[PDB]
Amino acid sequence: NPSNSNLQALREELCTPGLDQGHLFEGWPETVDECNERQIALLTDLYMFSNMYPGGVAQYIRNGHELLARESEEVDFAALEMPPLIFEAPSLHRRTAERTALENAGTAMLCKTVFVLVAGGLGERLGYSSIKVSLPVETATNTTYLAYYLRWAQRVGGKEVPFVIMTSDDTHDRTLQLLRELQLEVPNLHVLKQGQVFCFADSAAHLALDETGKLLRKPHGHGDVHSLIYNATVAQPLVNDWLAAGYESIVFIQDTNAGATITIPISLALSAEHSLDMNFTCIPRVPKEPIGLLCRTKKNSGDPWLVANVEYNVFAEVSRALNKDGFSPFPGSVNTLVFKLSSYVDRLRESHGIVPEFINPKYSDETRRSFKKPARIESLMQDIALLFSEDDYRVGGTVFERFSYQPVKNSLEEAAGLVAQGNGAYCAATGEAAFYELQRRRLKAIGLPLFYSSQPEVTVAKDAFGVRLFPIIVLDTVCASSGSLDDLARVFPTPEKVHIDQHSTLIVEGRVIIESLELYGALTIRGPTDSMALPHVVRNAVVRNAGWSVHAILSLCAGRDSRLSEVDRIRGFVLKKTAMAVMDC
């Protein structure tokens, strides 16, 4: 593509004061012609960066200088306080008139919602070699996070629901593989792959090389999602297609928080009720939490207030210097972002989806100033809130119960350490446990008589903590529709005649109505896969069998003829699916 002369001009340019990338061409011949294919390739790699980053590599270096100087300084705001527009959501396990109104209002709005899934990470930090959306939400059905989100979206928004997945070099191919393998048919899905950015070996922003001598690359952060969307087409801009088709909201979700399918309808309803352009999904936060705080900020004493997320580390540092006259006052943002689409698009078009950047290098020492590993510039998807002036827009937050926040983000060992400090585990074990409990709390809210012990049923991480799983009740999207309390009530029309023992397992797939049941064991009930077909009705059912059990993965663990996978090891237990009754037709 690019010319021999253009590559020469760029090389020369990069060697000028303020750029100083001479180290990249150490011992090269005078002109491009004389350069070998390998050298020609590196210059090409530098050159093509322009169609990936605003201003290309030259501006990247300049930005690096600015940010590196900036981050060497002390972060501080001239003003910081509670956001004006904070709204408390009613409990998810109480079927009050208010909860009902918000759920049904939000559910209608789901019909005009665009969904965006941010999925550019592996679960390595968890102990998981594959993509995080391939993690199961729970091992009873093994439904992946990916299918979980996609089927819900297609349920509430129909088959042609507009859906974006942002991937990366790490997750992209595998994401496409998973889509194919699960036979997911999503006509209006757009998979947008973020590009990695160059790295700085040092504080002078000298570009880093890898082991082969090629330019080193690292992720630019989830902030890329806005740029990717701004540049996506269907020759018509993606966002224009959405707008013209009548879509009115857009929501952004993380890769392993199943709670989003519960919070979203509520947030949508509240966004409409309080005319919110941007609505941060929040929870009350404990000061000892790697979660950001939603704050009304003012960077300089002359600026306007901005409503935006303030990262935990920053808020810590910020506080000690400028104190001016059991959770944090400010809400904790879980990064489920809800927008009025028209407002989002306006800001998008104005900024080209570019959001403020930062750099956060890891040093070898406090004093030696040397990097431990090459740094790169990053961006956060939530920082788009900075483009929404308080004069033109209403940016606020909705506060939910902490229980509705169920990320799978820590390894078993990390969770052990965390639990000891009295903090949340947020590992695969507690994620799975929380999902089962969530179903139970929702079901009880409509009158299902679920009596079960709160005692843990298995201990993980060398006996560090326990979780319980049973009773296990999982209804698919054809059965439970949107998951609203009203939708659940359709499955259980006369709840008081349904008696699910605390040790039982109930799996429901398809169009099923359960009127009366006594279950002591494991049961799967299957109905029509078509949401519009006549339902399989269960009445006067009695099922007794050995059902399922759970036990910890033993420390002894090693050995051939083994069936333990990473999925098992990252949660520290295994379901034994001993027996299972099936009711079809």
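Here the rigid core means the biggest group of C-alpha atoms that line up within 1.5 Å when the two forms are laid on top of each other. All residue numbers refer to positions in the sequence shown, first residue = 1.
Margin query: Between 358-366 and 185-193, which has its CA atoms farther from the current form in 7 other deposited structures of this protein, using a rigid core superposition?
Written below: If we average over structures and residues in 7 other deposited structures of this protein, the farther stretch is 358-366.
Notebook entry, point to check: Hey, after superposing on the core, which one moves around more in 7 other deposited structures of this protein, 335-343 or 305-313, CA-wise?
Noted result: Once the cores are fitted, 305-313 deviates more in 7 other deposited structures of this protein.
Check: Is residue 151 unresolved, in the sense of carrying no coordinates, in at least a third of the other compared entries?
Finding: That residue is present in all of the other compared entries.
Check: Looking at the other compared entries that model residues on both sides of it, is residue 376 unmodelled in at least a third of them?
Finding: That residue is present in all of the other compared entries.
Note to self: Going by the PDB record, how many residues of the deposited sequence fall between residue 101 and residue 102 without any coordinates: none, 1 to 3, 4 to 9, or 10 or more?
What the structure shows: Per the record, no deposited residues are absent between residue 101 and residue 102.
Check: Unmodelled stretch from the deposited sequence between residue 325 and residue 326, which bin: none, 1 to 3, 4 to 9, 10 or more?
Finding: Some 4 to 9 residues are missing between them.
Notebook entry, point to check: Can you tell me which stretch has the higher mean Cα B-factor, 282-290 or 165-173?
Noted result: The recorded data point to 282-290.
Checklist line | 236-244 set against 221-229, stretch whose average Cα temperature factor tops the other in the entry | finding: The stretch with the larger average C-alpha B-factor is 236-244.
Item checked: Per the PDB entry, maximal CA B factor within 575, 24, 570, 19 -> Answer for 575, 24, 570, 19: 24, with the highest C-alpha B-factor.
Notebook entry, point to check: Among 543, 57, 533, 550, which residue carries the highest C-alpha B-factor recorded in the PDB entry?
Noted result: Among 543, 57, 533, 550, the PDB entry lists the largest C-alpha B-factor for 533.
Next item on the list: Relative to the other modelled residues of the same chain, rank the CA B-factor of residue 585 and answer lowest, middle or highest third.
Entry: Highest third, going by the recorded CA B-factors of the chain.
Check: What third of the chain, by the recorded C-alpha B-factor, contains residue 135?
Finding: Within its chain, residue 135 is a lowest-third residue by C-alpha B-factor, going by the deposited values.
Check: According to the PDB entry, is the CA B factor of residue 66 in the bottom, middle or top third of its chain, that is, lowest, middle or highest?
Finding: It belongs to the lowest third of the chain when residues are ordered by C-alpha B-factor.
Check: Of the three thirds of its chain by CA temperature factor, lowest, middle or highest, which one includes residue 38?
Finding: Answer is highest: the recorded C-alpha B-factor places it there.
Item checked: Third assignment of residue 496 from its chain's C-alpha B-factors -> Its C-alpha B-factor belongs to the middle third of this chain's values.
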